[PDB]
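# Examining the three-dimensional arrangement
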Amino acid sequence: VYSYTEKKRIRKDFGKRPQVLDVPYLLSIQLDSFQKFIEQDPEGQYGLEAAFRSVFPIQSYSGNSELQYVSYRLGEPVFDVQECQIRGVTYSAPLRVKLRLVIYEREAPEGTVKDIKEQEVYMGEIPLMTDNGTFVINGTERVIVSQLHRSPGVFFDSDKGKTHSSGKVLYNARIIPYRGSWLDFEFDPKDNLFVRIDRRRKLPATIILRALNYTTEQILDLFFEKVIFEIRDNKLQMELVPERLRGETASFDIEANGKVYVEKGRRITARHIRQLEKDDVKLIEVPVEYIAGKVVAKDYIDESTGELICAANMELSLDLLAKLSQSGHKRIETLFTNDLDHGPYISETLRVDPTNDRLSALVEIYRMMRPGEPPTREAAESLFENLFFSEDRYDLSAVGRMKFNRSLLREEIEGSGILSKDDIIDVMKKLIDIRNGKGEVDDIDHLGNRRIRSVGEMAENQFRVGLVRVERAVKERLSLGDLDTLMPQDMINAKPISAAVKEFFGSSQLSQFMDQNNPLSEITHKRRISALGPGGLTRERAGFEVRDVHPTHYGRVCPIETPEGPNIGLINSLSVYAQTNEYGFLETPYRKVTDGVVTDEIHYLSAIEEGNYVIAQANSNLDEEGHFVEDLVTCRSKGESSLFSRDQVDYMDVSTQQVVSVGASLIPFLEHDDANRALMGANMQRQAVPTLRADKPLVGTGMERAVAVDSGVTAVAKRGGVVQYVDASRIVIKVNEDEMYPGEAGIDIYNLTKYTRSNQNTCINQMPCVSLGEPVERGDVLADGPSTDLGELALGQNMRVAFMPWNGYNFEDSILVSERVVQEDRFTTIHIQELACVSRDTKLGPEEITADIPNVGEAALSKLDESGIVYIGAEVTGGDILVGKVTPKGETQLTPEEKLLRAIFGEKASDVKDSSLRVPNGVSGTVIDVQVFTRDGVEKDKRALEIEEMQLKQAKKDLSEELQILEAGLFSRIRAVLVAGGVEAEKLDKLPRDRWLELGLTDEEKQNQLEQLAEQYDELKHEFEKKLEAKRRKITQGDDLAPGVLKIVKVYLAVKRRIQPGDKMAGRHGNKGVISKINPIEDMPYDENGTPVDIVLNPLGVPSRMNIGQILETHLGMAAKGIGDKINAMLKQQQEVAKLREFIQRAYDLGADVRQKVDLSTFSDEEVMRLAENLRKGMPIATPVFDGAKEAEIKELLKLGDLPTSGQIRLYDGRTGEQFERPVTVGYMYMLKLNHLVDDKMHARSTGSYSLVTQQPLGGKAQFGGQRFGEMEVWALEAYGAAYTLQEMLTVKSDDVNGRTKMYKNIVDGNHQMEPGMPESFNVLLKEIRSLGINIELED
Amino acid sequence: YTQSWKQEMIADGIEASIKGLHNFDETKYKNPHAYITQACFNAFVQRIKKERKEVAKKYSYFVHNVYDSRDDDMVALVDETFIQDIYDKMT
Amino acid sequence: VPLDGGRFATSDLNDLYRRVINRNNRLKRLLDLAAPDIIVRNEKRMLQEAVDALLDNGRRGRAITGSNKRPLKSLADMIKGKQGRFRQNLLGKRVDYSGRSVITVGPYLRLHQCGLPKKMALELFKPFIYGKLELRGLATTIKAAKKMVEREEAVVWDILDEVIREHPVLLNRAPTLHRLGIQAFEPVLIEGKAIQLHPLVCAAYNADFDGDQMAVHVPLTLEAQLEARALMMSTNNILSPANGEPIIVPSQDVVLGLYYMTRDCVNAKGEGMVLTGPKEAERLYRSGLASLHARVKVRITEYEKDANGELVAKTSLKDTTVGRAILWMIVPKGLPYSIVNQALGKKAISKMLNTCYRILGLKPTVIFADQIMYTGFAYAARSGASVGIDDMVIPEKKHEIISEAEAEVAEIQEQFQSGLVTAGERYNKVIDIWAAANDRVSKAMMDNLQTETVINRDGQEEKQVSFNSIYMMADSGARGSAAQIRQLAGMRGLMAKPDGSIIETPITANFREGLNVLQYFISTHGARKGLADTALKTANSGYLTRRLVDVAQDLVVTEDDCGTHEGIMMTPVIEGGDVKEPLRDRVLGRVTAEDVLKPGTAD
Ligand SMILES: [Mg+2]
């Protein structure tokens, strides 16, 4: 069972694995984001609502006047899309906000509001997203590609190796806020630990600690453990729990209770300590000398002196022990020490500290931050203060606090947006542990860390920027609050927010023209993610690592599709099912593998929570019961793969193709091609310019439906009904009633566009595909876009192709064609270039669009119209004129050669001069349409009036149909009311149905109903008039102009560029090539059956480029066509349907057990015929990416044709009619027409302009530029004694102005001879160094 | 906006305050702080208006040259130089 | 404003200048006020920083960013980098009388000429055409000529024809590696838009025909035409300057042709009969009365100028294959047959070319090479050397070797997991066993493929070199690596790791069968690796060759014989084991100072 629009041409699908989940809606990313950006909801938590409830409420400078926010609403599109597309305006809306100013009663906060004063305030014009996830900025259609960046939080960097080359590994830890200032801690080659702020100079972290108002003793407390002494009779029995004595040698016999356990000079074992805990020792003998190195815990005062017998962190000495122990404070504290269990790195940092207090600590903070300034305590205070805890300059998004407490393994997801002293200490502790050897680092590209942005996010960010600006302003405004003389608007400047928004959209490197020449590329240019621009690395900052692929990329990012060249992996794309976690993280559908069942339940999992599990690959069977029919199954847990038990696993993939992006999910027989060739394939596929007709590729991938319907160029019903009035210009469906709303029973009117320009000058049009009267269901395709076909994507044309060498005409990559395809013109493509001529006003007076032009041959002038606008259909070429637009003269530009004539004729002669819109040299073609734009209230001319009358007549038509359709039900009910009570036969029809309430019907409540529904009729009439004249006003009227202009005209050239030796064509398999020569039909190799073969590729292609996929495709395609010659023949000779359906069903059986399971006995036997005629051209075949069609089925189908199972057959030359030994391979293969056309590349330059700062001939092709002649060439020339060549090359043809003039003369008068001269730009350098005082000279 | 401008701005304001210190009553205007404040304020706005309309003049000179070499002109940009060169001129 | 078309630049120099001059006057003015010297100090500082930023921005703390967050340009920035005067306009410079386009083949061309579209041809010579017209009187003034050339008054073409008669042109590709990246030609005019190309030279240009773009310039002075003529013509550049190798190597498809020609079938039509002239060979081939690759006795002759210049000829009877003779009719004079009796893969034709050039001179060689390309293309065409799903034979015992390999590895792994060996050496054993199975299946396939000729010879059968188009290429050496095949049929072993480690389990599959997801994923990673390395490699090679060319840049043969009898005693190199360069090479073409003795003394 299928969509009734699917039954129109059903494609056979090989493929053994069923699916449990459909493909989701592709563009869902942009939709969800931008939706989430403008959504009035509780708490907001996001978008406008967030920034509003953040910045607002807001008040005076404690001046007891407050500015509070309540609510908001998005205004409206004043127009719709196509309207803007016409004019060139930004599709947008305003933002209506609810505010209130509330001043306070005098000398009391809670003191009554001086005035509750609110108002609705205008602010900003946010653009809006089409239903296809794009934008309209200035007519044009940009797209916002989403970024991906390093999530905010904290990270543990390793930096192995090259640190000091000592072999030791350094470390560092970095905290990054969403917005704010980062922070770093790190090491020196000497185990010294340091802070660094804003990647500025390095400072001892001790300084930070001091800033925390921290006694250095409290620092020591934080990090190290405790060690306790008591002064004995002698030998200082220290407290001990035996554990810490794991890993030490006995310089003295470890003893307790007298019974020694360790001998003098014995390294204690762990098991010793074990039996020692069994002995439970606490106090131990100590050679006091052994205590020389144990630094003091902290300070130590005396009592009689009352003075510090020791300061915090003093190096312990024996006499020092005397002083200490003398004073009887037997409780002595020092610190635990170790090297491979507790490295004592804090102590030395303390040593190096030059600081004493919190205050001088802040002083250092300042000095390092702002240099050289003699500080005031308060300066540094405020600096550090707002540096890390004030929302003015720092924030962690919720995802921040999340990741933060997460990496810290703590158990809270919530928190603040700002830090805490704790947090920093926690960082330092963790890093110290890492330094000891407990704890592991992170790596960069591990997707568990890289988060993803969207449009709504960066949107609200720029929004915050603008809001902060107007915040500063209006805050200072409320500062001068003139009480009660101010509504909450007068203080409000609503310009700059809109300014910033418009900037962002119209200008941000995360915004570019929608790549628009394919329903494919249009969708590739949205499901694309990068790490460039603000918050990403730089195209030449590119580090190797990020530019690679991380095994975590599984099913989250296409492995194979990225635009190669100067950047790889940076502009990689997104896979099929991959969603986005609410935090901008990725997830992936996954099925539960319960006790023995791979059930049908599914979830979505991150890049890290995933790591705990083992998950089954796709291509492995189960017994319809989840039990892998095998036992050791291919699985994966973490950067790994292995055979696993029948019950180790936890999950399974959803479907094979969930590994790749859609831009590859098509190129069939993928698992028979290398990745490189697959890469070139997908990329060169992305640029298949749409040609004239549209034929499907015969071999597909079963995944071309969900491309179209999710693309835009289609046209799809919104509810079932009946096609009622088709036309090549528009579609009229009567909706069905149960799918209809009370008011406006209505008719779905689809206004397909005709030929309009794509962003790269390629036609588009939405041609219908339906039959008048046919029904459609709720959501079927109605009209097709470029390179589309009945809902099938169709990017090229499939062709009978042969594989063999031929007179070198396929030597390197020459593709060789016959006339017979360009005979059919099946590779022609139209092109559309918009040309524009405006009318502003310079000084000296404004300008005109007259047909009145000086010093031009009237021959040309004739071609224009009376206005000055050439007509529709004039085949035009370059060096001509399309509009006449003339300017006043001006003075400094008056040559004597016209001073003459202006003297004679009277100065009414040289007052004006031409600016006409020409035809850009190098182009030709035909005019299709001309748009003319003028200021309204300013005069509108002939053409303007014509466009007016046409468009209004048109727009009236549909609503005319509307009323005349919806009304007639009223006369239905009317006569239904007159029927009962003497129905009249010919009064109701031979007379106007309006002429029913003039005939006297027996006047009871039924005539009351007559007059009732008559008034209702007339009311609906008049309000229909209201609607239509609203439309008339809106359309008839002109259009505002960016003031400074008067009126502008746009003209639409068009050209049909067909094909030529030089163009670039390629199959989806990265097998590109230029068509070299096109011989006559008679010379193409022909089979015995007469039929010649279109193109003859090269055989050498496969060995080097190990991409078998092409050949297998070709064989399958020959097979697929091999159903045509069967059905077509069976049908041409007439035939009853029985055998037809029979052969159909058979051909559809044709394979191993697949998901297809179609049946044709279903049909009412006519649609059978429809299907057959769809087939008549050939049979369409489907094969998913990794659920393919093995060789055996291909041999099979081939037999079901009539062909030799090899696929090879014998052929004859067409120039000697003799047989080809070694039978060759022909089949049917999809070829695409790559849009690098030669006529865009050829370019010459006899001589033209020159740059002015240096008279070198200008560059580029738009300019008549000369080629680039390089230093490499300079050498390649010096290798030969090619002297005069090089000289005359680089002076006489480049810069020697005198010289080049002399040359030009001598050559155009028959004398090849050169005057050397001396370069010019050299003199430029000479004077350029003369600029600086370095006097340069040129000795005799 | 611009560090480079800001340097010259402050230069202006400083000289302005220098010369204007000459005359400052005490019996009235019991504060010199705001005096110098608004003095420099005005100096700044003077400087900035000068520079704005200078670069405006640059735009104006530009837009009056479309006759460079051959066909194939541009429409998008020119309108924007124009529209700025108009906006600034509004003042 | 430059205003020189396109977007407009800002020539920001003045700005600095402006602001610079600004401060200067301020200084005076403030000195003119008797300013508090602290602030006069400040203004002195401002001036100093200003002139600084004018001379070379950035050498201070904060380089004065221009705008949009960009640093501006001092007097020094016009000077340095790959955009300062030197590396931008003093050395590299766009030049007039030039053109650029896409390229194609056009095999009908002989060696010394290039195709050329009509249009570019027309513009590139406008001055010449004007001169010719006005010499002819067909026009009278330059304006008349401009108009005539505009709308192609149909005379023009023949005019242009005369102008081209021998006027050279110079062709080049973009990344100019070496002395042959740029050459000369004599064009033939095409009513097309692209450039044909004598399909041999495409090697020097390192050029695929997949959308390359070549550039073309034109000499003006007669002297220039001469320079090009004698010194950069394709008829003058045949021995790679890196090494006396002939650099005109018939590349790949001529190769397949020739190989398919010089060969032998076990028993073909009329094999082994006797003939008396390669004329008859041709006939009996085309007449379809004799097969091509078939043993046959044929009478021939051959020449040699071994004597004093005189190429004495002399006959004999050989037993060879037909196409051997068919070709042999082309081999020019001074060559012995045994040069050809072989099966003639690629390097054979290379060395043949070389000796031909060495003994014969130049013109014989070029004519030879041209004829060779012709014949090869023709016979490859006749061949029908296709390829299809049956060109890939399969090791039947693939599954065998693989099943036993995995059976063992399961054992050794459960041995370790039982705690009987170390993980590192267990990994090593796995490495080695997969290497073993790899090489074994390689032998299996390659051998099975390379010999499956089993065809009676009026008797039982014999087994000679088989004829798989794939195998035919390989043994031809025309295109493709034996390892390429290995990947096609054999499992392509194991791949790398982002580190450079190797995955434990290998790629068990071929390309015939399809890869499963994971293996394919891994291959993906490796390919991306290699590509990024391609990028960086091109990069570094750039700056390398830059320094290289720059370091010599001046060494020129100034004289003949420095008057000395020293030098170095060269010897073959021995890596300890096998030797690498026979002494024959270091000596070949390097003038000896001292003479040489025999090992026997005084000899
Ligand atoms: Mg190339």
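Residues numbered from 1 in each chain as written, not as in the entry; some residues may be left out. Chains lettered and ligands numbered in written order. Part of a larger assembly, values for the part shown. Heavy atoms only, no water.

The deposited coordinates derive from cryo-EM, with the record listing a resolution of 4.5 Å.

### Section: the overall build of chain B
Check the secondary structure of chain B and you find three helices and zero strands. Overall, chain B shows an N-to-C arrangement of helices and strands of α-α-α. Taken along its principal axes, the extent of the C-alpha atoms in chain B is 70 × 25 × 20 Å. Counting only residues that meet the buried cut, chain B has 25% of its 91 residues in that class. Residue pairs in contact within chain B that sit at least 24 positions apart in sequence constitute 64% of those at least 6 positions apart. Here chain B has roughly 6,500 Å² of accessible surface; of this, 60% comes from carbon and sulfur atoms. Charge separation in chain B, taken as the distance between the mean sites of 13 positive and 15 negative side-chain charges, equals 9 Å. (Helix = DSSP H or I, 4+ residues; strand = E, 2+ residues; numbered from the N terminus. Buried < 20%, exposed > 50% of the residue type's maximum accessible area, 1.4 Å probe, protein only. Contact = heavy atoms within 4.5 Å. Areas by Shrake-Rupley, 256 points an atom, 1.4 Å probe, with all protein chains shown as cover. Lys, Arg positive; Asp, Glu negative; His and termini not counted. Charge placed at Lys NZ, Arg CZ, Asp CG, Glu CD.)

### Quick notes on the sheet that holds strand β38 (residues 767-768) of chain A
Residue and element names in this part refer to chain A. Spatial strand order, β32-β40-β38: three strands in an open sheet with antiparallel pairing. Each end of this open sheet is capped by a strand with a single partner; those strands are β32 (715-716) and β38. Relative to strand β40 (residues 781-784), β38 runs antiparallel, the two being bridged by two bridges. Across the sheet, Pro768 pairs through a bridge with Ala783, a residue of β40. (Pairing = 2+ DSSP bridges.)

### Observations regarding the interface of chain A and chain C
Taken together, the 125 residues of chain A in the interface contact 118 residues of chain C. Of all residues in chain A, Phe811(A), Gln1267(A) and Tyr1280(A) bury the most surface against chain C, accounting for 7% of the area lost on that side. One salt bridge in this structure joins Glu1218(A) and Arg382(C), with 2.7 Å as the shortest N-O distance. Scanning the region where chain A abuts chain C turns up 41 residue pairs in polar contact. Residues belonging to the side of chain A that touches chain C are distributed by class as follows: 60 nonpolar, 40 polar and 25 charged. As defined by bridge partners, strand β59 (residues 1243-1245) of chain A adjoins strand β3 (residues 98-102) of chain C across three bridges and the pair is classed as antiparallel. Residue pairing for β3(C): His1243(A) is matched across the bridge by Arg100(C). (Buried area = accessible area lost by both parts, 1.4 Å probe. Salt bridge = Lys/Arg side-chain N within 4 Å of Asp/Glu carboxyl O. Polar contact = N/O pair within 3.5 Å; in protein donor to acceptor, adjacent residues only side chain to side chain. Nonpolar A, V, L, I, M, F, W, Y, C, P; charged D, E, K, R; others polar.)

### Side note on the packing of aromatic side chains
For the coordinates displayed, the defined rule picks out 27 aromatic pairs over all chains. By way of ring pairs, the aromatic residues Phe34(A), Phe37(A), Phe135(A), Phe504(A) and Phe505(A) are connected into one cluster. Between the NZ or CZ atom of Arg636(A) and the centre of the ring of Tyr554(A), over which it lies, the distance is 3.6 Å. The ring of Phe467(C) carries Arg263(C) above its face, with NZ or CZ at 3.7 Å from the centroid. (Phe/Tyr/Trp six-rings, centres within 6.5 Å; stacked < 30°, edge-to-face > 60°. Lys NZ or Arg CZ within 6 Å of the ring centre and 35° of its normal.)

### Observations concerning the coordination of the magnesium ion
Taken together, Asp208(C) (OD), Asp208(C) (OD) and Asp212(C) (OD) make up the full set of protein donors to the magnesium ion, lying 2.0 to 2.3 Å away. Overall, the relative accessible area of 29% leaves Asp208(C) in the partly exposed class. (Donors = N, O, S within 2.8 Å, 3.2 Å for Na, K, Ca; no water.)

### Examining the pairing of strand β51 (residues 924-934) of chain A
Residues and elements named next belong to chain A. Relative to β51, strand β46 (residues 875-877) is paired through three bridges, and the arrangement is antiparallel. For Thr877, the partnering residue across the bridge sits in β51 and is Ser924. In terms of strand pairing, β51 meets strand β52 (residues 1047-1057) through eight bridges, oriented antiparallel. If you follow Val927 over to β52, its bridge partner there is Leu1053.

### Some remarks on unusual backbone geometry
With omega at 0°, the peptide bond leading from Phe56(A) into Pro57(A) counts as cis. Inspection of the secondary structure assignment puts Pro57(A) in the loop between α2 (47-55) and β2 (58-59). In this structure, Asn855(A) is a non-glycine residue whose phi angle is positive, near 35°. Within the element layout of this structure, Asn855(A) appears in the loop between β45 (829-837) and α19 (858-863). Of note in this structure, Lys69(C) is not a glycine but carries a positive phi near 70°.

### Regarding the interface of chain B and chain C
Across the contact, 20 residues belong to chain B and 22 residues belong to chain C. Both faces considered, chain B and chain C share a buried interface measuring about 1,900 Å² in area, 58% of it formed by carbon and sulfur atoms. The tally of links from chain B across to chain C stands at four salt bridges. Among the ionic pairs, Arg18(C) bridges to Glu51(B), the shortest N-O distance being 2.4 Å. Between the two partners, chain B and chain C, sit eight residue pairs in polar contact. Contributing elements (two or more residues each) for the side of chain B that touches chain C: α1 (3-20) and α2 (33-63) of chain B. When grouped by side-chain class, the residues that make up the side of chain B that touches chain C number eight nonpolar, four polar and eight charged.

### Considerations on the environment of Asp484(A)
All names here are of chain A. By the element assignment, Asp484 lies in the loop between α13 (455-479) and α14 (495-506). Expressed as a C-alpha distance, the spacing of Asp484 and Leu101, which sit 383 residues apart in the sequence, is 9.7 Å. Every residue in contact with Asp484, bar those within four places of it in the chain, is listed here: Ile103 and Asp115.

### Let's talk about the environment of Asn172(A)
Position of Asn172(A) among the secondary structure elements: in strand β9 (residues 172-176). Separated by 94 residues in the primary sequence, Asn172(A) and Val78(A) have C-alpha atoms spaced 55 Å apart.

### Some thoughts on the pattern of salt bridges
Residue and element names in this part refer to chain A. Per the stated rule, a full pass over the model turns up 79 salt bridges over all chains. For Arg646, the salt bridge identified is with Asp631, shortest N-O distance 2.8 Å. Linking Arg646 in the loop between β30 (642-644) and β31 (651-652) with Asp631 in the loop between β28 (615-616) and β29 (633-636), this pair joins segments that are 15 residues apart in sequence. We classify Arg646 as partly exposed; its relative accessible area is 29%. For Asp631, a relative accessible area of 51% puts it in the exposed group.

### Quick word on the packing of helix α1 (residues 28-37) of chain A against α13(A)
Residue and element names in this part refer to chain A. The N-to-C vectors of α1 and α13 enclose an angle of 30°; their axes lie 7 Å apart at closest approach. When the axis of α1 is compared with that of α13, the two are roughly parallel. The residues of α13 that touch α1, namely those facing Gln30, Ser33, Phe34 and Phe37, are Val455, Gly456, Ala459 and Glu460. Class assignment for the residues of the contact of α1 with α13 results in four nonpolar, three polar and one charged. (Axes fitted to C-alpha atoms, helices over the stretch in contact; angles between N-to-C directions. Parallel < 35°, antiparallel > 145°, perpendicular 65-115°, else oblique.)

### Points about the nonpolar core
Nonpolar side chains in soluble globular proteins tend to end up buried together. With 63 residues, the main nonpolar core has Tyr554(A), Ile560(A), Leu670(A), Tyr1148(A), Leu1160(A), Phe1186(A) and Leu1197(A) as its most contacted residues. Of all the secondary-structure elements, those providing two or more residues to this core are α25 (1109-1121), α27 (1137-1149), α28 (1167-1175) and α29 (1191-1200) of chain A together with α17 (482-489) and α18 (517-552) of chain C. It is α27(A) that contributes the most residues to this core, six residues altogether. Once residues lying within four places of it in the same chain are set aside, the contact partners of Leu1160(A) are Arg1141(A), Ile1144(A), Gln1145(A), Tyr1148(A) and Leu1171(A). Core analysis: the second largest hydrophobic core is formed by 49 residues, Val154(A), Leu170(A), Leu387(A) and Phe404(A) among them. (Core = buried A, V, L, I, M, F, W, Y, C linked by side-chain atoms within 4.5 Å.)

### Some thoughts on the packing of helix α9 (residues 253-261) of chain C against helix α13 (residues 363-383) of chain C
All names here are of chain C. Taken N-terminus to C-terminus, the directions of α9 and α13 make an angle of 70°; their axes are 7 Å apart at the nearest point. In this view, α9 runs roughly perpendicular relative to α13, as classed from their interaxial angle. Here α9 runs over α13; the crossing is left-handed. Here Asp253, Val254, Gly257, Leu258, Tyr260 and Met261 of α9 lie close against α13, whose contacting residues are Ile372, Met373, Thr375, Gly376, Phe377, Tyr379, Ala380 and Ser383. Tallied by class, the residues present in the contact of α9 with α13 amount to nine nonpolar, four polar and one charged. (Left-handed = near helix turned anticlockwise from the far one by under 90°.)

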